[PDB]
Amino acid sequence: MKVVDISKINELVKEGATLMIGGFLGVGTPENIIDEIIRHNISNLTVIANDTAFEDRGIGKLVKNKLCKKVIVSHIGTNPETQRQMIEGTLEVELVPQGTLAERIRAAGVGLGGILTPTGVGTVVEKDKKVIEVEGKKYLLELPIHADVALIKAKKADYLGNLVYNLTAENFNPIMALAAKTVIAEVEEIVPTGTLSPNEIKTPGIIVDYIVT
């Protein structure tokens, strides 16, 4: 069965896990899963996400509790506690352009070895990257981003684990679901098979290993 109790998180998320976590500034993030990780001090995590949200919400609760050793994000400006830990050197922060982050995570979920993007050419993000020219235009080679677990949020799942998202809560969730070794989806509602139409489903249940609440 895919649906399991939330108390089971302590068993599927290890200390030192590389984790993708859905959400944009806390919108579409799996708050209950995050709350379980805090409850059990699961630490030395590497978190790949759009951002570290705010100090009081979402991924920010992980930084507030110092459970991250590294974050791979595009934005940290809304969370002074992240910047503080970055300046003090206890938190390694890797900044990625938000569109490059989407494509690199998608590349891993889709089986590509990499993508060429024009974004960040001639900026500090070119540093340590291979440059490839294609018809006399420069692109950076940006590499797939893998993770042990995807912690994602969805609006509903059907009995087979098919998911749908809602409005701007979608963002990174369906792409992280293809990219991680195991996918755990927090959902708001479990609905009957045949409630989600084939034309509407955005993540097939085959890729979802676990579901909570």
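Residue numbers run from 1 along the displayed sequence.
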Handout entry: Mean C-alpha temperature factor, higher of 11-19 and 187-195
Key = 11-19
Fill in the blank from the handout: As the entry reports it, the stretch among 34-42 and 151-159 with higher mean C-alpha B factor is 34-42
Completion exercise
From the entry's CA B-factor values, the highest among 143, 86, 73, 102 is 86
Practice task
Sorting the chain's modelled residues by C-alpha B-factor, tell me whether residue 98 ends up in the lowest, middle or highest third.
Solution key: lowest
Practice task
Please place residue 182 in the lowest, middle or highest third of its chain by C-alpha B factor as given in the entry.
Solution key: middle
Exercise for the section: Place residue 1 in the lowest, middle or highest third of its chain's C-alpha B-factors, as listed in the PDB entry. Expected result: highest
Handout entry: Third assignment of residue 65 from its chain's C-alpha B-factors
Key = highest
Completion exercise
Of the three thirds of the chain ranked by Cα temperature factor, residue 115 occupies the middle
